[PDB]
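By convention in this document, chain letters (A, B, ...) are assigned in the order of the sequence lines, proteins followed by strands, and residues within each chain are numbered from 1. Excluded from the calculations below are hydrogen atoms, water molecules and symmetry mates; all remaining heavy atoms, backbone and side chain alike, are included.
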Amino acid sequence: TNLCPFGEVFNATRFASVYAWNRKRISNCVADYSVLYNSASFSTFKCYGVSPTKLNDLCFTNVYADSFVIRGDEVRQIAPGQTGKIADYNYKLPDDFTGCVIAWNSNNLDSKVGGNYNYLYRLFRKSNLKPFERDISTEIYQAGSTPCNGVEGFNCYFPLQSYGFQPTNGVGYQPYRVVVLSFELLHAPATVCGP
Amino acid sequence: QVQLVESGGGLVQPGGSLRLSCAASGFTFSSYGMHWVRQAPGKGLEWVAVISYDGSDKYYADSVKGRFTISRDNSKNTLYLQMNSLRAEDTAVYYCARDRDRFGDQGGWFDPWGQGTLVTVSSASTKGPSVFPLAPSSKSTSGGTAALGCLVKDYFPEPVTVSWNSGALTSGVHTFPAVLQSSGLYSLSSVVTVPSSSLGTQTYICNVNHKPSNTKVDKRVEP
Amino acid sequence: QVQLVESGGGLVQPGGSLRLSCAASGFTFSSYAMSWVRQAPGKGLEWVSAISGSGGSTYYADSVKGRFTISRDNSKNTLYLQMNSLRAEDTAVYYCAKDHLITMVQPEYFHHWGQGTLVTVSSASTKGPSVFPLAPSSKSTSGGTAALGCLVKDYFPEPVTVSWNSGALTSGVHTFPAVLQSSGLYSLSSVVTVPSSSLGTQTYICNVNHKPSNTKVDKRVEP
Amino acid sequence: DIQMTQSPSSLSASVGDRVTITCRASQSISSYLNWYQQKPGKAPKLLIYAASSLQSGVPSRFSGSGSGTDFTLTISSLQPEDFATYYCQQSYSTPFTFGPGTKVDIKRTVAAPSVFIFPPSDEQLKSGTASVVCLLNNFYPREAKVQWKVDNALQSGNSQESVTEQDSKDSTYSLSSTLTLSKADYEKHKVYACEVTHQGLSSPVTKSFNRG
Amino acid sequence: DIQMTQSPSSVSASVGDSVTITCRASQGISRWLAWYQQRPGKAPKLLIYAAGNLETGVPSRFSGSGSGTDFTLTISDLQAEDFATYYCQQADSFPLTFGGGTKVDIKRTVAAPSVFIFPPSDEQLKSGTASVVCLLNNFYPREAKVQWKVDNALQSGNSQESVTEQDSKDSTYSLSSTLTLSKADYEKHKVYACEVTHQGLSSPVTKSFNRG
Ligand SMILES: *[C@@H]1O[C@H](CO)[C@@H](O)[C@H](O)[C@H]1NC(C)=O
């Protein structure tokens, strides 16, 4: 009777930036999703492909838990068929997603009087991200036609921008912690049943 | 070269509607987010609305929420602003600006600006002006510099062109900007300073021309 | 996991300059924010300066700002602190600190610490210590145990070593930590407690070794 | 909302001087501040972006510096094409707010204004409304105070005033204030007076006239 | 502006007991706080981050709690290697600040201090300086409060103190106070004394000597 380690993901002390979203693999344990679904503490709890209403009687090959932090107005972007900063350049979900998305306000933890500038997002890229792709490069983006030559200046921007997280910001500009659970189903024993 | 052109201003009664368009040329329209800014007569700049590169993230000000709607067409390279339930404090000049990114939510600047278009909201109808004389002093000289002028009152819409002696007199002529009275009608004054000893000899005439009412008054000022 | 080694600390005169270096091995140096934290010889910890995983942002305290400058070189995996207009209050041990997690703009916590380099600021020159006797007592009545000693004075720099009969009499020996006088030099006292019976019979001496001045000196203690 | 304050509101400087303007925010905005320049009758221009970064085509005499809740814009050498209005804007969050604006004007010596008064014409007394005009001429700087009195009764609300742009030949201002009342209210009194105060005269100077 | 206060400054405990340390902040810092431990002559070591999160190698007998303004660190089963100095640091506003520090000592029976006095030797008198030594041997607790009397007159700003660490055998302390003055100033007076007020002494203990 091994319990699935969801405490290390949901109750973690420090989270990762959206461009460097953290991935954890969960296998060979028993998960009680009714505990999460009946917590009355999550602002957003939306599940695609599967029905959240007591459908824990299914066996899955693996569970990928992806953790990051965004602002409130961007939470709508974490869904299939969405466009925007996060969906295009930071975190993209496939159109045939089968999983669960949980997001809750974290203004009491991730905010910082004076500004929490350690949460970043990528603003410039040459092309859109493929689903479940991660980019951690810091190459200078070429906006015009003059090469940057590795230095920043006119039409030469650092590709990362910083969130400004303060307790006095509006709901649309307050931190939100997001955990995405992806359920893999392949020709495998599928040891993750979780009765 | 990169540039933006506005079109669609004019006069609208309160509670009416309008639609302004801004056409962009020179750059790629689908790779930038666009903003609308406005400036009231004699006032400062006020941000209105922002639209992303594909119209999936729109944000408006608290004073234009619900009434205004922003939109864009990428095939026509055009940006549209629609104003419903127009108010009397929405009279202003409007500018379309382009951001440095596709989204425009934070960390950006308005690099290219358009010429701007005027939108006026008032219930007043077209009306001609009334001119009045201002006797300089009628106090037996005692001086050497005497100021005299005309008083253009109760006209709509702006502007009126004031000239003195068919353009012969230009030195010392001051034409103050028009003011919007409580009745919805404008009023300005034009003054000129002249030697006192010429008061009895030289004749002074102010010529006021109001164009969108076909009005031309040639009143004269005498002691 | 990671290894941080600091270097460059030493002895400089007031108003001089120093450059302290911190070399890091075992991680991506450009993804973490570095900090310099100093500790006074007998006081608590104090955060001094911070850099931000690049060089764009630099943070300084309200007592080093204007005199200190922090920088980094990611190609060489090194961090530099340039200190100018040094005073006596800057004599401290300096530590190069870093957090476990990937922090790019702001330090936050300090999980990894270096060995530290002592930076001394003084205008004094190398000078040998002076040893004087502290006579045991003149009355063997209280408890039959007396206390004798030796006093080391006016030496620079640290340290001095007292052995009390070449490591043969270590029973009640009490060597006190050295203190910094109001003139720039140091002081020390070594006291031992022996039974009053062996006052005019036993023989003990104090030998003091100071390596920087290369001085080994013997002194007798007698009532 | 984030409130932005500029200091000062109007500054008079001469050619070849150094000009500093300060913007202050009500909440930390990091390096998300921009500096814009606008001239009368034309669209605003972009001068500084991202706290300290010049714009292409902008002369190297402009500079900016700041981070957090305090920013500064500096012009090293003044030129005849730099007298305009300057705005500071925050790009931290929506809605975006500008500053009230700082106006730079050409500097010169102080001038005492000439005051003239105009009673309402006989063609207006036969129309139900009477207008009395007060004219200030050739003064610098712009700051002046105008007060309307009818039998030593201070009034406010029934008066509007206008000023012209700075002249090119002599850089002096002209002001006009109009007091408008009804025909019935105009003949309830005898004397009228316009009293002006400016930092170019010894004491307040008033011009008054009696009806008829 | 964000000064942090620790309490108490020093505590004493025995092996097997529990200790609680409090840290307070001037303004709310959410859960941006870290607890560090340092032993003499070594680099500081982290114990707690966030508010009560344990480090991977720290023994499980260290606990942390609190939020906003108050924070508390708890040592449950005290061992022989847990006698050190502990600091609380905030990590929410710049500049970052550290706590004052709390020292944990070994608790034992109260011991009185043996007081000895040492006049300045003839050899040093040739040089031109004199140092009178007051020696406090084998006492507990740490609070000594030694004072210097010259002709029954209080002396201030003339003496310096030096203390030892806890003895590894009997967990006792030792103190030495030196009164340093000139040779000319030494011949002015005739009587010197040092007085000690300690918990283990019913009355203050005075040790005195006369010149010659
Ligand atoms: C996280 O912690 C809270 C309180 O300690 C607890 O109620 C909750 O169940 C935890 N989360 C999970 C997934 O167990």
Side-chain angles (χ1 to χ4, degrees), chain B residues 4 35 37 39 43-50 59-63 93 95 97 99-100 104-116 130-139 145-149 151 153-154 172 174-182 187-191 193 219, chain D residues 1 29-36 38 41-46 48-50 53 55-56 85 87 89-101 114-124 127 129 131 133 135 137-138 158 160-165 167 173-176 178 180 209:
Chain B
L4 299 128
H35 307 259
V37 198
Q39 174 141 41
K43 254 67 161 136
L45 294 152
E46 261 209 34
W47 174 82
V48 171
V50 47
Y59 303 104
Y60 314 94
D62 296 25
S63 30
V93 192
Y95 304 103
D99 222 17
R100 58 112 190 200
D105 325 310
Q106 59 179 330
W109 46 90
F110 318 129
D111 196 354
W113 296 57
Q115 303 91 56
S130 319
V131 301
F132 296 113
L134 275 35
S137 230
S138 214
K139 179 219 281 270
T145 89
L148 53 81
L151 170 53
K153 208 162 174 335
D154 290 342
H174 287 116
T175 296
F176 302 99
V179 298
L180 184 61
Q181 301 179 94
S182 53
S187 147
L188 65 92
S189 199
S190 186
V191 202
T193 318
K219 205 73 161 43
Chain D
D1 293 31
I29 50 176
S30 175
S31 88
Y32 291 162
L33 188 104
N34 306 332
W35 284 101
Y36 294 97
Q38 161 155 56
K42 330 281 307 302
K45 241 188 52 175
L46 177 52
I48 304 273
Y49 70 86
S53 265
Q55 170 82 356
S56 104
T85 304
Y87 294 102
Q89 186 239 309
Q90 59 100 0
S91 211
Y92 180 90
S93 48
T94 49
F96 298 122
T97 55
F98 295 80
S114 307
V115 202
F116 297 103
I117 215 161
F118 303 123
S121 37
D122 312 330
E123 198 201 325
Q124 217 201 350
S127 95
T129 296
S131 270
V133 222
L135 170 86
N137 232 354
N138 293 330
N158 50 358
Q160 331 166 270
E161 49 104 341
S162 261
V163 73
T164 54
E165 254 205 275
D167 204 344
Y173 293 94
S174 268
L175 191 102
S176 87
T178 176
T180 66
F209 72 102

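Considering CG of B:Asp154 and OG1 of D:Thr129, their distance stands at 8.0 Å, rounded to 0.5 Å. Residue D:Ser176 holds its OG atom at 9.0 Å from CG of B:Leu151, rounded to the nearest 0.5 Å. One distance of note links CG of B:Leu134 with CG of D:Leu135; it measures 9.0 Å at 0.5 Å rounding.
The candidate from B:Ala61, B:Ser182, B:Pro177 with the greatest count of non-hydrogen atom pairs under 4.5 Å with chain D is B:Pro177. Between chain B and the options D:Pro120, D:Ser174, D:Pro119, D:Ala43, the largest number of non-hydrogen pairs under 4.5 Å is found for D:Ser174. When each of D:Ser121, D:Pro44, D:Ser93 is scored by its heavy-atom pairs under 4.5 Å with chain B, the top score falls to D:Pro44. Counting heavy-atom pairs under 4.5 Å between each of B:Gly116, B:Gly44, B:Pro133 and chain D puts B:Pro133 at the top. For chain B, the option among D:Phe116, D:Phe209, D:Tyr87, D:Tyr36 with the highest count of heavy-atom pairs below 4.5 Å is D:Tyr36.
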Which is it for D:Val133 and B:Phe132 under the side-chain contact (heavy atoms from CB on, under 4.5 Å) test, yes or no, and what are the steps along the way? CA-CA 12 Å; D:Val133 222; B:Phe132 296 113; over 6 Å; no
Which is it for B:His174 and D:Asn137 under the side-chain contact (heavy atoms from CB on, under 4.5 Å) test, yes or no, and what are the steps along the way? CA-CA 10 Å; B:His174 287 116; D:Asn137 232 354; 3.8 Å; yes
Test D:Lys45 against B:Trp113 for side-chain contact (heavy atoms from CB on, under 4.5 Å), laying out the working first. CA-CA 8 Å; D:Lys45 241 188 52 175; B:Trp113 296 57; over 6 Å; no
Carefully, step by step, assess D:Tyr32 and B:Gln106 under the rule side-chain contact (heavy atoms from CB on, under 4.5 Å). CA-CA 8 Å; D:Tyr32 291 162; B:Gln106 59 179 330; 3.8 Å; yes
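A search for side-chain contact (heavy atoms from CB on, under 4.5 Å) contacts involving B:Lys153 returns B:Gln181, B:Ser187, D:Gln124, D:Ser131, not counting sequence neighbours. D:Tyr92 is linked by a ring-ring contact (aromatic ring centres under 6.0 Å, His included) to nothing, counting only residues two or more places apart in sequence or in another chain.
Looking at B:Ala147, the atoms closer than 4.5 Å to chain D (heavy atoms on both sides) sit in the backbone and in the side chain alike. Interface remark: D:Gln89 contributes side-chain atoms only to the contact with chain B (heavy atom separation under 4.5 Å). For B:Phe110, the parts lying near chain D are the backbone and the side chain together; criterion is any non-hydrogen pair under 4.5 Å. Of the atoms belonging to B:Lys219, it is side-chain heavy atoms, and not backbone ones, that fall under 4.5 Å from chain D. With a threshold of 4.5 angstrom between heavy atoms, D:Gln38 approaches chain B through side-chain atoms but not through N, CA, C or O. Neither the backbone nor the side chain of B:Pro112 comes within less than 4.5 Å of any heavy atom of chain D.
Considering all non-hydrogen atoms of both residues, D:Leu175 and B:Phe176 come closest at N-CE2, 3.7 Å.
Remark: the backbone N or O of B:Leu180 is paired with a side-chain donor or acceptor of D:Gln160 at under 3.5 angstrom.
No side-chain heavy atom of D:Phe96 sits less than 4.5 Å from a side-chain heavy atom of B:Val48. You'll find the side chain of B:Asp105 stays beyond 4.5 Å of the side chain of D:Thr94, heavy atoms only.
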